[PDB]
Structures are given as structure tokens and as C-alpha cells.
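What follows is the content of structure21.tsv, which has TSV, C-alpha atoms:
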```tsv
chain	number	residue	atom	x	y	z
A	4	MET	CA	58.67	123.75	138.60
A	5	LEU	CA	60.16	120.57	137.13
A	6	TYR	CA	63.27	119.08	138.71
A	7	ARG	CA	65.62	116.35	137.59
A	8	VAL	CA	66.52	114.49	140.79
A	9	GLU	CA	69.35	111.95	140.92
A	10	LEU	CA	69.54	109.23	143.57
A	11	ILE	CA	72.79	107.32	144.00
A	12	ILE	CA	72.65	104.31	146.34
A	13	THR	CA	75.90	102.69	147.50
A	14	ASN	CA	77.14	100.46	150.31
A	15	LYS	CA	78.48	102.03	153.48
A	16	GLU	CA	82.27	102.07	153.71
A	17	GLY	CA	82.36	99.22	156.21
A	18	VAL	CA	80.02	96.90	154.31
A	19	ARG	CA	81.28	94.50	151.64
A	20	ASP	CA	80.30	95.46	148.08
A	21	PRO	CA	80.41	92.18	146.09
A	22	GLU	CA	79.91	93.82	142.71
A	23	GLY	CA	82.70	96.37	143.12
A	24	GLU	CA	84.97	93.75	144.68
A	25	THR	CA	84.42	91.35	141.80
A	26	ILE	CA	84.69	93.96	139.04
A	27	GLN	CA	87.94	95.25	140.53
A	28	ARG	CA	89.39	91.77	140.85
A	29	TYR	CA	88.52	90.21	137.50
A	30	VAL	CA	88.06	93.19	135.20
A	31	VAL	CA	89.60	96.45	136.41
A	32	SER	CA	92.80	95.09	137.94
A	33	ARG	CA	93.54	93.37	134.63
A	34	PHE	CA	92.85	96.50	132.58
A	35	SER	CA	94.99	98.99	134.51
A	36	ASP	CA	96.96	99.04	137.74
A	37	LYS	CA	96.30	102.79	137.91
A	38	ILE	CA	92.68	102.11	138.88
A	39	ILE	CA	93.06	101.04	142.51
A	40	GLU	CA	89.48	100.60	143.69
A	41	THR	CA	85.94	100.07	142.35
A	42	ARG	CA	82.72	100.68	144.29
A	43	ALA	CA	79.38	99.82	142.73
A	44	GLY	CA	75.90	101.13	143.31
A	45	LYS	CA	72.53	101.94	141.80
A	46	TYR	CA	71.64	105.08	139.89
A	47	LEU	CA	68.02	106.26	139.67
A	48	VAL	CA	67.02	109.57	138.10
A	49	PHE	CA	63.57	111.08	138.52
A	50	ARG	CA	61.63	113.90	136.91
A	51	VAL	CA	59.77	115.69	139.69
A	52	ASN	CA	57.07	118.37	139.70
A	53	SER	CA	57.69	120.55	142.74
A	54	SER	CA	57.42	124.03	144.22
A	55	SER	CA	61.11	124.18	145.16
A	56	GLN	CA	64.39	122.30	144.98
A	57	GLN	CA	63.94	121.45	148.65
A	58	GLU	CA	60.49	119.97	148.12
A	59	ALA	CA	61.78	117.83	145.23
A	60	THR	CA	64.83	116.52	147.09
A	61	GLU	CA	63.00	115.77	150.34
A	62	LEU	CA	60.30	114.01	148.35
A	63	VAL	CA	62.81	111.65	146.78
A	64	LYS	CA	64.49	110.93	150.11
A	65	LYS	CA	61.06	110.11	151.55
A	66	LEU	CA	60.46	107.80	148.58
A	67	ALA	CA	63.79	106.08	149.20
A	68	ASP	CA	62.95	105.68	152.89
A	69	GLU	CA	59.30	104.69	152.86
A	70	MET	CA	59.40	102.52	149.74
A	71	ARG	CA	62.63	100.79	150.86
A	72	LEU	CA	64.80	101.62	147.85
A	73	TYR	CA	67.73	101.10	150.22
A	74	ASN	CA	68.50	99.75	153.70
A	75	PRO	CA	69.71	102.57	156.03
A	76	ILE	CA	71.87	100.14	158.02
A	77	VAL	CA	73.94	98.91	155.07
A	78	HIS	CA	73.52	101.53	152.35
A	79	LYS	CA	74.09	105.26	152.09
A	80	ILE	CA	72.43	107.59	149.59
A	81	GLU	CA	73.23	110.81	147.75
A	82	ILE	CA	70.64	113.09	146.19
A	83	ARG	CA	71.48	115.71	143.56
A	84	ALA	CA	68.87	117.92	141.92
A	85	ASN	CA	68.64	120.58	139.24
A	86	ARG	CA	65.75	122.54	137.76
A	87	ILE	CA	65.05	121.74	134.12
A	88	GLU	CA	63.06	122.96	131.11
B	4	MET	CA	97.87	112.39	142.07
B	5	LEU	CA	94.55	110.69	142.77
B	6	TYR	CA	91.17	111.21	141.13
B	7	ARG	CA	87.71	110.00	142.07
B	8	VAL	CA	86.05	109.05	138.80
B	9	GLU	CA	82.32	108.34	138.62
B	10	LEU	CA	80.80	106.33	135.78
B	11	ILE	CA	77.04	106.38	135.30
B	12	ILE	CA	75.64	103.91	132.76
B	13	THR	CA	72.03	104.27	131.58
B	14	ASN	CA	69.89	103.17	128.64
B	15	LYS	CA	69.60	105.40	125.59
B	16	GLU	CA	66.36	107.37	125.45
B	17	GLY	CA	64.86	105.15	122.77
B	18	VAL	CA	65.64	101.87	124.52
B	19	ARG	CA	63.28	100.33	127.07
B	20	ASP	CA	64.54	100.44	130.66
B	21	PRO	CA	62.73	97.57	132.42
B	22	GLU	CA	63.92	98.52	135.90
B	23	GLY	CA	62.91	102.17	135.62
B	24	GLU	CA	59.60	101.22	134.00
B	25	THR	CA	58.82	98.72	136.73
B	26	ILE	CA	59.86	100.91	139.66
B	27	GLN	CA	57.78	103.78	138.31
B	28	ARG	CA	54.73	101.61	137.76
B	29	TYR	CA	54.59	99.65	141.00
B	30	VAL	CA	56.52	101.79	143.47
B	31	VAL	CA	56.94	105.45	142.53
B	32	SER	CA	53.54	106.02	140.95
B	33	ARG	CA	52.00	104.66	144.16
B	34	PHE	CA	54.10	106.93	146.39
B	35	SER	CA	53.64	110.26	144.61
B	36	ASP	CA	51.99	111.54	141.46
B	37	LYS	CA	54.52	114.39	141.47
B	38	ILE	CA	57.30	112.00	140.44
B	39	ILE	CA	56.46	111.49	136.76
B	40	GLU	CA	59.31	109.29	135.53
B	41	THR	CA	62.05	106.96	136.75
B	42	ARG	CA	65.12	105.94	134.74
B	43	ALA	CA	67.49	103.36	136.18
B	44	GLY	CA	71.18	102.71	135.69
B	45	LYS	CA	74.43	101.53	137.17
B	46	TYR	CA	76.81	103.64	139.22
B	47	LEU	CA	80.50	102.79	139.48
B	48	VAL	CA	83.06	104.95	141.25
B	49	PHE	CA	86.80	104.46	140.85
B	50	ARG	CA	89.88	105.83	142.59
B	51	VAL	CA	92.46	106.51	139.88
B	52	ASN	CA	96.15	107.38	139.92
B	53	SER	CA	96.87	109.73	137.04
B	54	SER	CA	98.91	112.71	135.92
B	55	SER	CA	95.83	114.72	134.96
B	56	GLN	CA	92.04	114.82	135.09
B	57	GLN	CA	91.98	114.12	131.35
B	58	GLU	CA	94.16	111.04	131.67
B	59	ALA	CA	91.96	109.69	134.48
B	60	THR	CA	88.65	110.15	132.67
B	61	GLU	CA	89.82	108.86	129.29
B	62	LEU	CA	91.24	105.86	131.13
B	63	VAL	CA	87.85	105.04	132.63
B	64	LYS	CA	86.25	105.65	129.24
B	65	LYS	CA	88.66	103.13	127.73
B	66	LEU	CA	87.91	100.68	130.55
B	67	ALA	CA	84.18	100.96	129.88
B	68	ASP	CA	84.71	100.39	126.16
B	69	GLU	CA	87.36	97.68	126.12
B	70	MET	CA	86.05	95.63	129.04
B	71	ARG	CA	82.40	95.94	127.92
B	72	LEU	CA	80.96	97.61	131.01
B	73	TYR	CA	78.26	98.85	128.64
B	74	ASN	CA	76.91	98.31	125.12
B	75	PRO	CA	77.31	101.55	123.10
B	76	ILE	CA	74.40	100.63	120.82
B	77	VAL	CA	71.91	100.58	123.70
B	78	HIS	CA	73.63	102.37	126.60
B	79	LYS	CA	74.83	105.91	127.31
B	80	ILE	CA	77.62	106.76	129.77
B	81	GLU	CA	78.51	109.82	131.81
B	82	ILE	CA	81.88	110.29	133.46
B	83	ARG	CA	82.57	112.83	136.21
B	84	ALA	CA	85.93	113.25	137.90
B	85	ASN	CA	87.37	115.23	140.79
B	86	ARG	CA	90.85	115.33	142.29
B	87	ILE	CA	91.13	114.09	145.87
B	88	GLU	CA	93.56	113.59	148.78
```
Exercise: express the given structure as C-alpha cells:
Amino acid sequence: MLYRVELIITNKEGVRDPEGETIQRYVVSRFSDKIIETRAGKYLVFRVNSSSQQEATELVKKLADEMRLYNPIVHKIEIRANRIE
Amino acid sequence: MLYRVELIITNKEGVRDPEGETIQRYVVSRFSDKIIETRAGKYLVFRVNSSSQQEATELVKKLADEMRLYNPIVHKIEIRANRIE
């Protein structure tokens, strides 16, 4: 089975996000006062050979942990997956 | 009426993605041969006041275009929205 696994890495709610803060202040706020907040993060999407959706998702979380794609104390992650082909 | 609008910006399929290429080569490939590809992008999430889901998403689309959050000739964008509160 081939899975498309998405990994979204963002800052925890209580940790300052300089990119989102800056974009909101100098770009978004000027464009529209209907957009009240901007949070920024990293998006990584993987193609994964696996035996199940669980195996694919857990594999990516392990990657994120072991290979330090994020810092558990300041960042939070979200993993979404879907079978493809 | 509040909407959570996600904006994912990635490179078009035919345009080199240096981050994805590099992560795959030096980090992912080393971690697991079951992860065959990595594509990288930016993730931005906005909280938007709007009268409809359409108004909220088109507004973020306009933001992305007018304020140059991406280059349409080399980047692709995906917008997802969900009502909150």
C-alpha cells in the first residue's frame, strides 16, 4: 500500500510564532481587518510504502521524533494520511 | 461568524523543491527506505470573520495573490476552511 502522509508542524499556543506575528502585523492587518490572526508553520508531505494507514502514520511520527523535525517542548504536530494510487 | 482557514503553499510538480530534496536525501532516506519522497512547503492558518465559507476562502485567496505570499508561476496553493466557535 502507498500512502500520502502530511505533517504539519506549528508552535504551541503559548510559544511566540515570529513569522505569524510579523505576517499578521505588516501584511495581513493591512490587507483586511476581517483576518484577525495568522499562525505559521511547516508543511511536509511524504509518499510512504506501508501495510496499513497506522503503520504509515506512526512511521512519520517516529521520523519527526527521532530525526528532530520538531522540538516537542515548543512545537506541536499534526499528521494526516490517505491511501493513494 | 468565524472560520479557520488553512493555506498550504508548495512548489509546482515541475519545479525543484530544495528543502524537500535535501530532507529526503540526508534525513528521510537515512531513517526509512519506506518513505520514498518528501515535498516541503509553508503552512499558514488564519482566523477569519466572514458571512460565509466562500467569502472567507476567497478572501484568503485574494490575500495570497495580492500580497504575494506565493509566486503563481512556481508555486501551488491549497485552501481549506472550517467554521469554528
Can you pull out every residue within 12 Å of region 73-78 of chain A, counting only C-alpha atoms, but drop anything in the same chain fewer than 3 positions away, and send it as a short mmCIF file (atom, residue, chain, number, x, y, z; two decimals) with C-alpha atoms, in the frame of the given file?
```
data_model
loop_
_atom_site.label_atom_id
_atom_site.label_comp_id
_atom_site.auth_asym_id
_atom_site.auth_seq_id
_atom_site.Cartn_x
_atom_site.Cartn_y
_atom_site.Cartn_z
CA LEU A 10 69.54 109.23 143.57
CA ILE A 11 72.79 107.32 144.00
CA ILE A 12 72.65 104.31 146.34
CA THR A 13 75.90 102.69 147.50
CA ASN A 14 77.14 100.46 150.31
CA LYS A 15 78.48 102.03 153.48
CA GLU A 16 82.27 102.07 153.71
CA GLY A 17 82.36 99.22 156.21
CA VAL A 18 80.02 96.90 154.31
CA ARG A 19 81.28 94.50 151.64
CA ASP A 20 80.30 95.46 148.08
CA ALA A 43 79.38 99.82 142.73
CA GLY A 44 75.90 101.13 143.31
CA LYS A 45 72.53 101.94 141.80
CA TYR A 46 71.64 105.08 139.89
CA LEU A 47 68.02 106.26 139.67
CA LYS A 64 64.49 110.93 150.11
CA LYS A 65 61.06 110.11 151.55
CA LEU A 66 60.46 107.80 148.58
CA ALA A 67 63.79 106.08 149.20
CA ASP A 68 62.95 105.68 152.89
CA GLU A 69 59.30 104.69 152.86
CA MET A 70 59.40 102.52 149.74
CA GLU A 81 73.23 110.81 147.75
#
```
So for region 68-83 of chain A, what box centre and size do we get, axis-aligned, 6 Å extra on each of the six sides, every listed atom, Å to one decimal, as JSON?
```
{"center_x": 66.7, "center_y": 107.3, "center_z": 150.8, "size_x": 26.8, "size_y": 28.8, "size_z": 26.5}
```
**Message:** As an exercise, work out the distance from CA of residue 28 (chain B) to CA of residue 72 (chain A) in Å and give it to one decimal place.
**Reply:** 14.3 Å
**Request:** Point out the residue among B:59, B:39, B:87, B:82 with the least atom-to-atom distance to chain A, counting all atoms listed in the file.
**Result:**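 Closest to chain A, using all atoms listed in the file: B:39.
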**Request:** State, in Å with one decimal place, the distance from CA of residue 86 (chain A) to CA of residue 53 (chain A).
**Result:**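 Pair CA of residue 86 (chain A) / CA of residue 53 (chain A) returns 9.7 Å.
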**Item:** Nearest to residue 22 (chain A) by atom-to-atom distance, counting only C-alpha atoms, from B:54, B:62, B:48, B:84
**Value:** B:48
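Taking only C-alpha atoms into account, chain B lies nearest to A:37 out of the set A:37, A:27, A:32, A:21.
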**Prompt:** From the set B:85, B:57, B:79, B:30, which residue has the shortest atom-to-atom contact distance to chain A, counting only C-alpha atoms?
**Reply:**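 Using only C-alpha atoms, chain A sits closest to B:30.
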**Complete:** Pairwise distance, CA of residue 61 (chain B) with CA of residue 24 (chain A), equals 22.1 Å
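Among the candidate residues A:63, A:26, A:51, A:80, the one lying nearest to chain B is A:51, with distances computed using only C-alpha atoms.
Distance annotation: of B:60, B:40, B:71, B:88, the residue with the minimal separation from chain A is B:40; atom set is all atoms listed in the file.
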